[PDB]
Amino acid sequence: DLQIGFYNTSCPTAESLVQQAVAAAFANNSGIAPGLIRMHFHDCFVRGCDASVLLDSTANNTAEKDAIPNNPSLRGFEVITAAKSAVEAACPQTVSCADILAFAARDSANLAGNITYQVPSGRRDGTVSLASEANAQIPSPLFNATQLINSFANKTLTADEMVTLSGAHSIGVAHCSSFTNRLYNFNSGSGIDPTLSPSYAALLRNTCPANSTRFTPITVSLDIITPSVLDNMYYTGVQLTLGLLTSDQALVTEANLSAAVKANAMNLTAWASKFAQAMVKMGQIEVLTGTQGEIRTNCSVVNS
C-alpha cells in the first residue's frame, strides 16, 4: 500500500521540492492553494488518485480537463508543471505526478490554514482521462444531502467525512453559474432560495447575472467570513444562511450533518485534525501502486 516517505531513498528531497514550488506560486497568487486542493479532489474522484485529471485533451481524446465541472474552473496546473520540472531534474523518472498533486494539496492546506500532515506516497500515474467520466463522477453543487452522501459513500468516504472535506470551501471561489440557481427563478415568491440570506442574495444578484455560464469570468469567495483562511468559518457561515452553494446549505438539512456542522464551527482544532485525516483518506482512493501505471515524465501527457 501507500507509505509515508515512499521516496526516502529514491528521491529524498521530492517533497521539499514540491513544497518550494507551491510556496513560490502561492506568494505570486494565493488562489493556487484552493486550486490545488480542489484539483487533488477531482483527481481522486475519477479513476482514483492517478493524475488522470492532469492530462491534456488530444486530437483523439477529450480529457477530464474539458469536462463541465473542470473547464475553465480548474486552476494550478502550472504549479504542478513547475514542481514536476524540479523533481525530474533532481531525481529523473522517479516521482509520480499523482504523488506530486497529493503533496501539493497538503502544502496548500499548510499555506492557507497552517494545517499540516504527512502524505502516504507511492501512487502511480494512469493513462486514461475522459471528460465523460469527470462529467459523471464529480458531484454537482445542485445535489441535496442524500445525493452528496451517496456520491461520497461510493468513494469510500463517510457522511461525516463528506462534511469535513466540504470545509475546503473555507477558501477559494465559485463561478456565478454554480449558484445562480439560488438567485433567479427559484421556486419561491422572491425567486430566491429561502435558505439563503436575502441580504447576501441581493448582493450576489448585483454581481452575478442570471445568464452566467461556467465561462462567465465572475467568481465569488465561497466563505464570506474568512475567504483566504482555511479555517472552520465555512461552517459558521453555513449555520447562518451564508453558505454559498446549494450543496453547502444541504449540510444543515439533515440532523446528523447539521450536528457535524455545529461541532466543526465550535472547534477549529478538532475540525482541522479531521480535515487532515480525511485528506489522507481521500488521497488513497483507488490508487495505482507497484508496477501499475507509470511514472509520467510530463504531467500533461502519457509517456511515449
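Note that residue numbering begins at 1 and tracks the sequence as displayed.
- Remark: stretch with higher mean C-alpha B factor among 261 to 269 and 46 to 54 is 261 to 269.
- If you average the C-alpha B-factors over 187 to 195 and over 159 to 167, the higher value belongs to 187 to 195.
- Per the deposited coordinates, the residue with the largest Cα temperature factor out of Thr219, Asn154, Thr226, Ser212 is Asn154.
- Per the PDB record, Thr116 has a higher Cα B-factor than any other of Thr116, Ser178, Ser108, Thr207.
- Among the modelled residues of its chain, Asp99 has a C-alpha B-factor that falls in the lowest third according to the deposited record.
- Looking at the C-alpha B-factors along this chain, the one for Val238 belongs to the lowest third.
- Sorting the modelled residues of the chain by their CA temperature factor places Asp248 in the lowest third.
- In the PDB entry, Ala67 places in the middle third of its chain by CA B-factor.
- The deposited CA B-factor of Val18 belongs to the lowest third of values across its chain.
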